[PDB]
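Here you get one chain, nothing else, as structure tokens; it is the form deposited in one PDB entry.
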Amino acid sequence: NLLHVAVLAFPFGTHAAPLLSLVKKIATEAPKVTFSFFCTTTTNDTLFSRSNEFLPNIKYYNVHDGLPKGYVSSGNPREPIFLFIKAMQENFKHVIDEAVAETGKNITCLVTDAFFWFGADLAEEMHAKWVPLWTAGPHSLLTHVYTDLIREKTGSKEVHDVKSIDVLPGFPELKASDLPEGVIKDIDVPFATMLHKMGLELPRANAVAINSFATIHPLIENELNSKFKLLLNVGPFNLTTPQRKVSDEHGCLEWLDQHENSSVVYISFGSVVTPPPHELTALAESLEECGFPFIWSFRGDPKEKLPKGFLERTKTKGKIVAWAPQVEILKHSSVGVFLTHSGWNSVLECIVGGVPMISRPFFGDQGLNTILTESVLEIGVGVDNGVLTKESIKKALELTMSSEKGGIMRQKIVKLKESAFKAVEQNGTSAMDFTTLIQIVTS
């Protein structure tokens, strides 16, 4: 047993955990194969002693983060990401040498985040297979694959939201501002250059894995499939690679048990985003005004970012936590709506939970995920003008909580949820792609 799987993870956002969970699923199934997980010290330290406390064939290694000694944030929170992207290809090669040296075995398969375009070349010089994992939706991926074409049929009118573009099958016409950032807008930051190159290199992979399921959207999925040697839909991860990890220090679930069905508003804008002060106060004031019970996963100091007295004034109406057991929250019968930024993992967890969504996208692929949930799947609505105001908020809440539209939305998300469960059954489409994925990775 000499196989050695090198796993390259993106240290930012919700990328390393899902990749690790996919890897663990594969690892337990192949106890004789060696797995090496590469990420930054910080991210790896965070990834530890979870549900699967440890797997004997998984070893973690720290890739250099590209930060200068005595580094402090000043420009933007994207600064450290850019610094990481700068020397990531050479730094991953460096740290890879440590794992080969330690295990005494050469890399046979390179599993990477799809963001790592260099995987094809790296896999080639190592005489190894390349299996990239796109952690977001099939629709955003297709958009990245079509970056060059989209740029072609795009002049000034297109860039200035004048004319729209028929970029995706079964999708509304898109406005430049709707495209995942980096495709048409700011094609200059390192992030954009990384995705652009990703789009061009993926066809070289042995197979492209994705956190999705085929029936979520047949047209997009089939279109995506024809761009790669193989497209393996191994999601939704919240079903195919779940974690026993269920932390609820603040008693969110017991708190939800004391509430009636479809009555509570769950709020979370993702792992990092912090809405602007004027939006926070508008949501705060809207919450303690419409009287909906709520659980708000807040990033930062609430006594500092929220109106004075908000906490004490709503101490019985809702809970404000620094972090919450979202997957379980969304599956709880007391939740009637999910105010989200529409990150992909949150969209999939909500689909399994069967809860209508209110979306207020901030960056990346969020805008496209909102169009997907609002105009295509119709399992959620966006807020007027894409911003949170007392007016846009109250409008979205009534539509999802007290209107017939709320029911149609729940009806559709429920059909979708069932399609997901079917894809993950013993012989479902995802279970099968997952078996294929495992074979490719461990052969």
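Numbering starts at 1 and follows the sequence shown. For clarity, a rigid core is taken as the largest C-alpha set superposing within 1.5 Å between two forms.
FYI, the form deposited in another entry isn't displayed, but the following is about it.
After superposition on the rigid core, the C-alpha displacement between the shown form and the other one reaches 2 Å or more for just one residue among 127, 245, 160, 229, namely 245. Core-superposed comparison between the shown form and the other one: the CA of residue 50 exceeds or equals a 2 Å shift. The distance between the CA atoms of residue 65 and residue 49 is at least 3 Å shorter in the other entry than in the form shown here.
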